[PDB]
Amino acid sequence: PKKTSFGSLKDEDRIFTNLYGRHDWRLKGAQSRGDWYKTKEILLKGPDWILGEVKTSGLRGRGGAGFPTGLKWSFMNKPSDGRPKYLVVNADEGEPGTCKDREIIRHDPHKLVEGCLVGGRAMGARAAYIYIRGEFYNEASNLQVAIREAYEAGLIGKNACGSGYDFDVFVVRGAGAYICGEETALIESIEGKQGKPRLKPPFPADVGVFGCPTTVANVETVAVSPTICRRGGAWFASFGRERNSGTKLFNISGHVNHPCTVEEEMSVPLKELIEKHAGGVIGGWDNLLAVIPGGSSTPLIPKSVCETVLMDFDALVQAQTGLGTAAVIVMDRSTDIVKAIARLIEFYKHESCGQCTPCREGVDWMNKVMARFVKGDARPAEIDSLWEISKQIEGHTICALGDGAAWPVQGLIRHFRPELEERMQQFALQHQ
Amino acid sequence: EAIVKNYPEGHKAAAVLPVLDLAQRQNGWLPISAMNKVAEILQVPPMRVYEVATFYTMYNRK
Amino acid sequence: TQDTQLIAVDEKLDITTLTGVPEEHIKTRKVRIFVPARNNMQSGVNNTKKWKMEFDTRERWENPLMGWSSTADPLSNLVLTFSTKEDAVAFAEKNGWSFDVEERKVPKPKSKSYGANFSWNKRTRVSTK
Ligand SMILES: Cc1cc2nc3c(=O)[nH]c(=O)nc-3n(C[C@H](O)[C@H](O)[C@H](O)COP(=O)(O)O)c2cc1C
Ligand code: SF4
């Protein structure tokens, strides 16, 4: 009735069986691994059944939102209105520490296109625009090879999978931006204009790409969608805590012996995951200083929090952080925490699209202030000023990049203020 | 033209990013003439083409 | 509702003979009743809510000395404010001044929608943001 000891998943329930590219990633290998099997029956079941089984799965947005993917995808169950319906798969993967999208695309692309096909059918979309980032040129070419194989096999195109539905997938390359990862900015960049995000009184379900309805979904979420249809929401709901189901991927990087990727069951203990899959923190677990749970946007937590925390949405939310993209970055006692965070703010300043004032001016201001903090040329009152500034841009920006840049500062301040104090005192008496 | 046909008719301006990337491949770096030539083929005003080139990092204006 | 030796004073109020204004500045002056328009440089509206009374401009020469803008019309800087046109138009002929009145210009309500910026068909779709 309850699998309290969540984690230690087995190979049978793993989705991306070809994660490390140890099997044929072409159509032949994907069909061998169990892809494109009874797809027509999924198509013939009807979009309501596809949406309904997603709610039973309790799938949450694996892109940094954690939204109830079933509820979100239900927004195009509305009848047709003359305008075409479009699906969009986010594949930017610009958040630091995030590598999962790269691996699925270049090692199991056929799952992705099938995900667009079943996803489009559920939401009634006409075509899927996979927005792969510009850097992933080899990945994009690998993705297109699978698309051509699917087109020749008759899985996609006119009468997709022999079910009457006509679905097409256009893989659109990026031109280099982290803000393109944002859903509305991605919708913007597809349209050909500058990649600034658009405000939302409206929503992509009503007004979106070319003005037609759209829904930006992460690569992982759509990729696991067909297997959810095959194995059921009940099978998917079995894993993970309540409201925390599924087997989210994990990108472990930083001061680990063997940084890697693993598709571990959700709500896994953080210590357990690092110990076996990654190999443990360099210099032993006691050498840990701080950990980035789910990417740069997610605030850091110290080792004391790291002692026992389940890797999921709710457990991290009560731990003053978020799951985000499950990008676990560890930082040992040899890591300059202030320098590392300042680099993250530097990245955010170099990636802000400059549209709204709080993100255009606040992030740059926070960059300059944090630069002084690294050198120590400041005063203790500046820490509080940095806190107020980070709150001023929080929730006042068009997209969640401003909140995505304010959280690391808030995370650093509330957990390493004595380190900041010591550095400033060190600067003070040195320059006497 | 295959790039443009990927997008719905009437919104051919969406091909600005891939087409401008194509000019990069056969020129290494895109000069102002390449950014103007992209405007003519795509009917987009040159100012909008200039916006895309400067915003995204990959486009080597130098 | 006040018995204070009340008498019928129907004739219009003609206090002009008491304000001491000379004869010249009481007929040949054409006052204007208007709601001032917003300074187009700015966008605030807090200066277009009270009716203003002003007198027509007159000669303004230059001094033989350093050359300020001299004048001989005392009713040049006099600007009065009234909260309603009726009060303003009543103060003119009560003081005995020929007036012209311009009705308040109310900015008509304009329907604005953010979603129109990205329209599937209509030419209102913008090319930049
Ligand atoms: C600055 C920023 C960057 C983002 N980058 C990505 C990204 O690279 N991939 C992604 O899937 N979602 C990204 N998102 C989240 C999207 O805006 C959106 O919420 C999500 O892609 C929707 O799909 P999902 O529900 O499957 O996560 C980003 C958001 C922000 C604010
Ligand atoms: S927060 Fe930054 S990236 Fe997002 S819309 Fe505002 S300026 Fe642009």
# chains A, B, ... in the order shown; residues from 1 in each chain; ligands from 1
$ closest_atom_pairs --of "chain A" --to "chain C" --cutoff "12 Å" --atoms "only C-alpha atoms" --output "JSON lines"
{"residue": "A:81", "atom": "CA", "partner": "C:120", "partner_atom": "CA", "distance": 11.9}
{"residue": "A:82", "atom": "CA", "partner": "C:120", "partner_atom": "CA", "distance": 10.5}
{"residue": "A:83", "atom": "CA", "partner": "C:120", "partner_atom": "CA", "distance": 7.6}
{"residue": "A:84", "atom": "CA", "partner": "C:120", "partner_atom": "CA", "distance": 9.4}
{"residue": "A:85", "atom": "CA", "partner": "C:120", "partner_atom": "CA", "distance": 11.5}
{"residue": "A:184", "atom": "CA", "partner": "C:118", "partner_atom": "CA", "distance": 11.8}
{"residue": "A:185", "atom": "CA", "partner": "C:129", "partner_atom": "CA", "distance": 10.7}
{"residue": "A:187", "atom": "CA", "partner": "C:118", "partner_atom": "CA", "distance": 10.7}
{"residue": "A:188", "atom": "CA", "partner": "C:129", "partner_atom": "CA", "distance": 9.2}
{"residue": "A:189", "atom": "CA", "partner": "C:128", "partner_atom": "CA", "distance": 11.0}
{"residue": "A:191", "atom": "CA", "partner": "C:127", "partner_atom": "CA", "distance": 9.5}
{"residue": "A:192", "atom": "CA", "partner": "C:127", "partner_atom": "CA", "distance": 8.9}
{"residue": "A:193", "atom": "CA", "partner": "C:128", "partner_atom": "CA", "distance": 6.1}
{"residue": "A:194", "atom": "CA", "partner": "C:128", "partner_atom": "CA", "distance": 6.9}
{"residue": "A:195", "atom": "CA", "partner": "C:129", "partner_atom": "CA", "distance": 8.9}
{"residue": "A:196", "atom": "CA", "partner": "C:129", "partner_atom": "CA", "distance": 7.0}
{"residue": "A:197", "atom": "CA", "partner": "C:129", "partner_atom": "CA", "distance": 8.8}
{"residue": "A:198", "atom": "CA", "partner": "C:129", "partner_atom": "CA", "distance": 8.1}
{"residue": "A:199", "atom": "CA", "partner": "C:114", "partner_atom": "CA", "distance": 8.1}
{"residue": "A:200", "atom": "CA", "partner": "C:114", "partner_atom": "CA", "distance": 8.6}
{"residue": "A:201", "atom": "CA", "partner": "C:114", "partner_atom": "CA", "distance": 7.5}
{"residue": "A:202", "atom": "CA", "partner": "C:115", "partner_atom": "CA", "distance": 6.3}
{"residue": "A:203", "atom": "CA", "partner": "C:115", "partner_atom": "CA", "distance": 9.0}
{"residue": "A:204", "atom": "CA", "partner": "C:115", "partner_atom": "CA", "distance": 10.4}
{"residue": "A:206", "atom": "CA", "partner": "C:115", "partner_atom": "CA", "distance": 9.2}
{"residue": "A:207", "atom": "CA", "partner": "C:115", "partner_atom": "CA", "distance": 6.6}
{"residue": "A:208", "atom": "CA", "partner": "C:118", "partner_atom": "CA", "distance": 7.5}
{"residue": "A:209", "atom": "CA", "partner": "C:118", "partner_atom": "CA", "distance": 8.4}
{"residue": "A:210", "atom": "CA", "partner": "C:120", "partner_atom": "CA", "distance": 5.7}
{"residue": "A:211", "atom": "CA", "partner": "C:120", "partner_atom": "CA", "distance": 4.4}
{"residue": "A:212", "atom": "CA", "partner": "C:120", "partner_atom": "CA", "distance": 6.3}
{"residue": "A:213", "atom": "CA", "partner": "C:120", "partner_atom": "CA", "distance": 9.8}
{"residue": "A:353", "atom": "CA", "partner": "C:129", "partner_atom": "CA", "distance": 11.1}
{"residue": "A:354", "atom": "CA", "partner": "C:129", "partner_atom": "CA", "distance": 11.2}
{"residue": "A:355", "atom": "CA", "partner": "C:129", "partner_atom": "CA", "distance": 8.3}
{"residue": "A:356", "atom": "CA", "partner": "C:129", "partner_atom": "CA", "distance": 11.0}
$ write_last_selection --atoms "N, CA, C and O atoms" --output "CSV table (one decimal), in the first residue's frame"
chain,number,residue,atom,x,y,z
A,81,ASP,N,-11.7,25.5,-33.3
A,81,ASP,CA,-12.1,26.9,-33.5
A,81,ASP,C,-11.5,27.4,-34.8
A,81,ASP,O,-11.3,28.6,-34.9
A,82,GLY,N,-11.4,26.6,-35.8
A,82,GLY,CA,-10.8,27.0,-37.1
A,82,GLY,C,-9.3,27.1,-37.1
A,82,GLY,O,-8.7,26.7,-38.0
A,83,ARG,N,-8.7,27.7,-36.0
A,83,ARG,CA,-7.3,27.8,-35.9
A,83,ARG,C,-6.7,26.4,-35.8
A,83,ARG,O,-7.2,25.6,-35.1
A,84,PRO,N,-5.5,26.2,-36.4
A,84,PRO,CA,-4.8,24.9,-36.2
A,84,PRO,C,-4.3,24.8,-34.8
A,84,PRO,O,-4.1,25.8,-34.1
A,85,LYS,N,-4.2,23.5,-34.3
A,85,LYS,CA,-3.7,23.2,-33.0
A,85,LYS,C,-2.3,22.6,-33.2
A,85,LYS,O,-2.0,21.7,-34.0
A,184,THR,N,7.2,30.5,-23.1
A,184,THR,CA,6.7,31.6,-23.9
A,184,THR,C,7.8,32.2,-24.8
A,184,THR,O,7.6,32.6,-26.0
A,185,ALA,N,9.0,32.3,-24.3
A,185,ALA,CA,10.1,32.7,-25.1
A,185,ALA,C,10.4,31.7,-26.2
A,185,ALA,O,10.8,32.1,-27.3
A,187,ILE,N,8.1,29.8,-27.6
A,187,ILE,CA,7.1,30.1,-28.6
A,187,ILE,C,7.4,31.3,-29.4
A,187,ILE,O,7.2,31.4,-30.6
A,188,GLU,N,8.0,32.3,-28.7
A,188,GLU,CA,8.4,33.6,-29.4
A,188,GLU,C,9.5,33.2,-30.4
A,188,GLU,O,9.4,33.6,-31.6
A,189,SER,N,10.6,32.6,-30.0
A,189,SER,CA,11.7,32.3,-30.9
A,189,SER,C,11.3,31.4,-32.1
A,189,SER,O,11.9,31.6,-33.2
A,191,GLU,N,8.6,31.7,-33.7
A,191,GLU,CA,7.9,32.7,-34.6
A,191,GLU,C,8.9,33.5,-35.3
A,191,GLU,O,8.5,34.2,-36.3
A,192,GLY,N,10.2,33.5,-35.0
A,192,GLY,CA,11.2,34.2,-35.7
A,192,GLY,C,11.7,35.5,-35.1
A,192,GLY,O,12.7,36.1,-35.6
A,193,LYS,N,11.0,36.0,-34.1
A,193,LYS,CA,11.4,37.3,-33.5
A,193,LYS,C,12.4,37.1,-32.4
A,193,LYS,O,12.9,36.0,-32.1
A,194,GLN,N,12.7,38.2,-31.7
A,194,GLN,CA,13.7,38.1,-30.6
A,194,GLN,C,13.1,37.2,-29.5
A,194,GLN,O,11.9,37.2,-29.2
A,195,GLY,N,14.0,36.4,-28.8
A,195,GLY,CA,13.6,35.4,-27.9
A,195,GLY,C,13.1,35.9,-26.5
A,195,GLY,O,13.3,35.2,-25.5
A,196,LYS,N,12.6,37.1,-26.5
A,196,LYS,CA,12.0,37.6,-25.2
A,196,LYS,C,10.7,36.8,-24.9
A,196,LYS,O,9.9,36.6,-25.8
A,197,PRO,N,10.5,36.4,-23.7
A,197,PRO,CA,9.3,35.8,-23.3
A,197,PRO,C,8.1,36.8,-23.4
A,197,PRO,O,8.3,38.0,-23.3
A,198,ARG,N,6.9,36.3,-23.6
A,198,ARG,CA,5.7,37.1,-23.7
A,198,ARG,C,4.9,37.0,-22.4
A,198,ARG,O,5.0,36.0,-21.7
A,199,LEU,N,4.3,38.1,-22.0
A,199,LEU,CA,3.4,38.1,-20.8
A,199,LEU,C,2.3,37.1,-21.0
A,199,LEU,O,1.9,36.8,-22.1
A,200,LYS,N,1.8,36.6,-19.9
A,200,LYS,CA,0.7,35.7,-19.9
A,200,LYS,C,-0.5,36.4,-19.1
A,200,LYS,O,-0.9,35.5,-18.3
A,201,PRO,N,-1.3,37.6,-19.3
A,201,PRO,CA,-2.8,37.4,-19.1
A,201,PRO,C,-3.3,36.2,-20.0
A,201,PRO,O,-4.3,35.6,-19.7
A,202,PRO,N,-2.9,36.0,-21.4
A,202,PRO,CA,-3.4,34.8,-22.1
A,202,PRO,C,-2.5,33.6,-21.8
A,202,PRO,O,-1.6,33.7,-20.9
A,203,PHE,N,-2.8,32.5,-22.4
A,203,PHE,CA,-2.0,31.2,-22.2
A,203,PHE,C,-1.8,30.5,-23.5
A,203,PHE,O,-2.5,30.7,-24.5
A,204,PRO,N,-0.8,29.7,-23.6
A,204,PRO,CA,-0.5,29.0,-24.8
A,204,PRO,C,-1.6,28.1,-25.3
A,204,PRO,O,-1.7,27.8,-26.5
A,206,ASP,N,-4.6,29.0,-25.6
A,206,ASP,CA,-5.5,29.8,-26.4
A,206,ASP,C,-4.7,30.6,-27.5
A,206,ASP,O,-5.1,30.5,-28.6
A,207,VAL,N,-3.7,31.4,-27.0
A,207,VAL,CA,-2.9,32.1,-27.9
A,207,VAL,C,-1.5,31.7,-27.8
A,207,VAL,O,-0.9,31.6,-26.6
A,208,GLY,N,-0.8,31.3,-28.9
A,208,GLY,CA,0.5,30.7,-28.8
A,208,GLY,C,1.3,30.9,-30.1
A,208,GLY,O,1.3,31.9,-30.7
A,209,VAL,N,2.0,29.8,-30.5
A,209,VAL,CA,2.8,29.8,-31.7
A,209,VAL,C,2.0,30.2,-32.9
A,209,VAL,O,0.9,29.6,-33.2
A,210,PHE,N,2.5,31.2,-33.6
A,210,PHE,CA,1.7,31.8,-34.7
A,210,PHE,C,0.3,32.3,-34.3
A,210,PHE,O,-0.5,32.5,-35.2
A,211,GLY,N,0.1,32.4,-33.0
A,211,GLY,CA,-1.3,32.7,-32.6
A,211,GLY,C,-2.1,31.5,-32.3
A,211,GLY,O,-3.2,31.6,-31.7
A,212,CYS,N,-1.7,30.3,-32.9
A,212,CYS,CA,-2.5,29.1,-32.7
A,212,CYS,C,-2.2,28.5,-31.3
A,212,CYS,O,-1.2,28.8,-30.7
A,213,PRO,N,-3.1,27.7,-30.8
A,213,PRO,CA,-2.9,27.0,-29.5
A,213,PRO,C,-1.6,26.2,-29.5
A,213,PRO,O,-1.3,25.6,-30.5
A,353,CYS,N,17.2,38.2,-21.0
A,353,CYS,CA,16.8,38.8,-22.3
A,353,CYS,C,16.6,40.3,-22.2
A,353,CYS,O,16.5,40.9,-23.2
A,354,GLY,N,16.7,40.9,-21.0
A,354,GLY,CA,16.6,42.3,-20.8
A,354,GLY,C,15.3,42.9,-21.1
A,354,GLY,O,15.2,44.2,-21.1
A,355,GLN,N,14.2,42.2,-21.2
A,355,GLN,CA,12.9,42.8,-21.5
A,355,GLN,C,12.4,43.6,-20.3
A,355,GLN,O,12.2,44.8,-20.4
A,356,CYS,N,12.1,42.9,-19.2
A,356,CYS,CA,11.5,43.6,-18.1
A,356,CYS,C,12.6,44.2,-17.2
A,356,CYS,O,13.7,43.6,-17.1
$ select_by_dssp --residues "segment 16-121 of chain C" --states "strand (DSSP E)" --output "short mmCIF file (atom, residue, chain, number, x, y, z; two decimals) with N, CA and C atoms, in the first residue's frame"
data_model
loop_
_atom_site.label_atom_id
_atom_site.label_comp_id
_atom_site.auth_asym_id
_atom_site.auth_seq_id
_atom_site.Cartn_x
_atom_site.Cartn_y
_atom_site.Cartn_z
N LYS C 30 -11.48 89.16 -23.81
CA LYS C 30 -12.24 87.95 -24.09
C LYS C 30 -11.61 86.81 -23.31
N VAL C 31 -12.27 86.40 -22.23
CA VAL C 31 -11.76 85.32 -21.40
C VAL C 31 -12.13 83.98 -22.04
N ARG C 32 -11.39 82.94 -21.67
CA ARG C 32 -11.57 81.62 -22.24
C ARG C 32 -11.75 80.61 -21.11
N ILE C 33 -12.81 79.82 -21.19
CA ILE C 33 -13.09 78.76 -20.23
C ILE C 33 -12.73 77.44 -20.88
N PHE C 34 -11.76 76.73 -20.30
CA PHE C 34 -11.25 75.52 -20.92
C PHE C 34 -10.66 74.62 -19.85
N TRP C 51 -11.42 73.33 -14.43
CA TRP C 51 -11.61 74.35 -15.45
C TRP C 51 -10.78 75.58 -15.14
N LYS C 52 -10.17 76.15 -16.17
CA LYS C 52 -9.29 77.30 -16.03
C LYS C 52 -9.90 78.51 -16.71
N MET C 53 -9.66 79.69 -16.14
CA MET C 53 -10.08 80.96 -16.71
C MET C 53 -8.85 81.80 -16.99
N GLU C 54 -8.72 82.27 -18.23
CA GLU C 54 -7.55 83.04 -18.63
C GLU C 54 -7.97 84.15 -19.58
N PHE C 55 -7.16 85.19 -19.64
CA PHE C 55 -7.41 86.37 -20.46
C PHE C 55 -6.52 86.34 -21.70
N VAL C 79 -4.79 83.65 -13.89
CA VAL C 79 -5.41 82.38 -14.26
C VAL C 79 -6.21 81.89 -13.07
N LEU C 80 -7.50 81.63 -13.28
CA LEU C 80 -8.40 81.19 -12.23
C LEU C 80 -8.82 79.75 -12.48
N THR C 81 -9.09 79.03 -11.40
CA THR C 81 -9.46 77.62 -11.47
C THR C 81 -10.87 77.43 -10.93
N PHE C 82 -11.67 76.65 -11.66
CA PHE C 82 -13.04 76.36 -11.27
C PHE C 82 -13.28 74.86 -11.40
N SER C 98 -16.70 89.18 -21.48
CA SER C 98 -17.08 88.37 -22.62
C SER C 98 -16.25 87.09 -22.63
N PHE C 99 -16.91 85.96 -22.84
CA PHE C 99 -16.26 84.66 -22.69
C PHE C 99 -16.55 83.78 -23.89
N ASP C 100 -15.66 82.82 -24.11
CA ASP C 100 -15.92 81.67 -24.96
C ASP C 100 -15.52 80.41 -24.20
N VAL C 101 -16.31 79.35 -24.36
CA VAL C 101 -16.17 78.14 -23.56
C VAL C 101 -15.89 76.97 -24.48
#
$ atom_distance --atom1 "atom CA of residue 58 of chain A" --atom2 "atom CA of residue 228 of chain A"
10.4 Å
$ interface_residues --of "chain B" --to "chain C" --cutoff "10 Å" --atoms "only C-alpha atoms" --output "list in words"
residues 10, 11, 13, 44, 45, 47, 48 and 51 of chain B
$ residues_around --residues "residue 30 of chain B" --least-positions-apart "2" --cutoff "8 Å" --atoms "only C-alpha atoms" --output "number ranges by chain"
B: 23-24, 27-28, 32-35, 59-62
$ residues_near_ligand --ligand "ligand 1" --cutoff "9 Å" --atoms "only C-alpha atoms and all ligand atoms" --output "ChimeraX atom specification"
/A:60-69,72,89-95,98,101,133,178-186,197,215-222,297,324-325,348,351-352,399-405
$ residues_around --residues "segment 19-26 of chain C" --least-positions-apart "2" --cutoff "12 Å" --atoms "only C-alpha atoms" --output "list in words"
residues 14, 15, 16, 17, 28, 29, 30, 31, 55, 56, 58, 72, 73, 74, 75, 76, 92, 93, 94, 95, 96, 97, 98 and 99 of chain C
$ atom_distance --atom1 "atom CA of residue 257 of chain A" --atom2 "atom CA of residue 289 of chain A"
15.6 Å
$ closest_residue --among "B:41, B:9, B:16, B:2" --to "chain A" --atoms "only C-alpha atoms"
B:16
$ closest_residue --among "A:299, A:284, A:70, A:174" --to "chain B" --atoms "only C-alpha atoms"
A:174
$ closest_residue --among "A:361, A:48, A:384, A:314" --to "ligand 2" --atoms "only C-alpha atoms and all ligand atoms"
A:361
$ interface_residues --of "chain B" --to "chain A" --cutoff "7 Å" --atoms "only C-alpha atoms" --output "list in words"
residues 6, 13, 14, 15, 16, 17, 51, 52, 55, 56, 57 and 58 of chain B
$ write_last_selection --atoms "N, CA, C and O atoms" --output "PDB file, in the first residue's frame"
ATOM      1  N   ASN B   6       8.399  24.582 -44.046  1.00  0.00           N
ATOM      2  CA  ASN B   6       8.123  23.913 -42.778  1.00  0.00           C
ATOM      3  C   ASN B   6       7.128  24.697 -41.935  1.00  0.00           C
ATOM      4  O   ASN B   6       6.407  24.112 -41.121  1.00  0.00           O
ATOM      5  N   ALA B  13       8.002  34.566 -41.905  1.00  0.00           N
ATOM      6  CA  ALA B  13       9.029  35.241 -41.122  1.00  0.00           C
ATOM      7  C   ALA B  13       9.634  34.335 -40.061  1.00  0.00           C
ATOM      8  O   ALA B  13      10.726  34.626 -39.565  1.00  0.00           O
ATOM      9  N   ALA B  14       8.949  33.248 -39.702  1.00  0.00           N
ATOM     10  CA  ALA B  14       9.471  32.332 -38.697  1.00  0.00           C
ATOM     11  C   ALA B  14      10.774  31.678 -39.129  1.00  0.00           C
ATOM     12  O   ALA B  14      11.538  31.220 -38.275  1.00  0.00           O
ATOM     13  N   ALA B  15      11.047  31.628 -40.428  1.00  0.00           N
ATOM     14  CA  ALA B  15      12.259  31.007 -40.939  1.00  0.00           C
ATOM     15  C   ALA B  15      13.489  31.884 -40.782  1.00  0.00           C
ATOM     16  O   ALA B  15      14.546  31.528 -41.309  1.00  0.00           O
ATOM     17  N   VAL B  16      13.386  33.013 -40.077  1.00  0.00           N
ATOM     18  CA  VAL B  16      14.513  33.938 -39.984  1.00  0.00           C
ATOM     19  C   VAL B  16      15.700  33.267 -39.305  1.00  0.00           C
ATOM     20  O   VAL B  16      16.827  33.311 -39.806  1.00  0.00           O
ATOM     21  N   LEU B  17      15.463  32.624 -38.164  1.00  0.00           N
ATOM     22  CA  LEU B  17      16.565  32.008 -37.426  1.00  0.00           C
ATOM     23  C   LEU B  17      17.259  30.897 -38.204  1.00  0.00           C
ATOM     24  O   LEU B  17      18.499  30.907 -38.267  1.00  0.00           O
ATOM     25  N   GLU B  51      17.765  42.457 -35.359  1.00  0.00           N
ATOM     26  CA  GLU B  51      17.452  42.115 -33.975  1.00  0.00           C
ATOM     27  C   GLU B  51      17.846  40.678 -33.662  1.00  0.00           C
ATOM     28  O   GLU B  51      18.453  40.400 -32.623  1.00  0.00           O
ATOM     29  N   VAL B  52      17.505  39.748 -34.554  1.00  0.00           N
ATOM     30  CA  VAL B  52      17.786  38.339 -34.307  1.00  0.00           C
ATOM     31  C   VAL B  52      19.288  38.090 -34.279  1.00  0.00           C
ATOM     32  O   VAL B  52      19.791  37.340 -33.436  1.00  0.00           O
ATOM     33  N   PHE B  55      20.803  39.463 -30.944  1.00  0.00           N
ATOM     34  CA  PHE B  55      20.286  38.856 -29.722  1.00  0.00           C
ATOM     35  C   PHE B  55      20.948  37.510 -29.453  1.00  0.00           C
ATOM     36  O   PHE B  55      21.572  37.309 -28.406  1.00  0.00           O
ATOM     37  N   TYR B  56      20.822  36.577 -30.390  1.00  0.00           N
ATOM     38  CA  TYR B  56      21.367  35.240 -30.196  1.00  0.00           C
ATOM     39  C   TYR B  56      22.886  35.246 -30.323  1.00  0.00           C
ATOM     40  O   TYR B  56      23.457  35.973 -31.141  1.00  0.00           O
ATOM     41  N   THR B  57      23.541  34.422 -29.505  1.00  0.00           N
ATOM     42  CA  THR B  57      24.992  34.495 -29.358  1.00  0.00           C
ATOM     43  C   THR B  57      25.735  33.854 -30.524  1.00  0.00           C
ATOM     44  O   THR B  57      26.812  34.328 -30.901  1.00  0.00           O
ATOM     45  N   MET B  58      25.192  32.781 -31.102  1.00  0.00           N
ATOM     46  CA  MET B  58      25.948  32.009 -32.087  1.00  0.00           C
ATOM     47  C   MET B  58      26.297  32.839 -33.313  1.00  0.00           C
ATOM     48  O   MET B  58      27.397  32.710 -33.862  1.00  0.00           O
TER      49      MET B  58
END
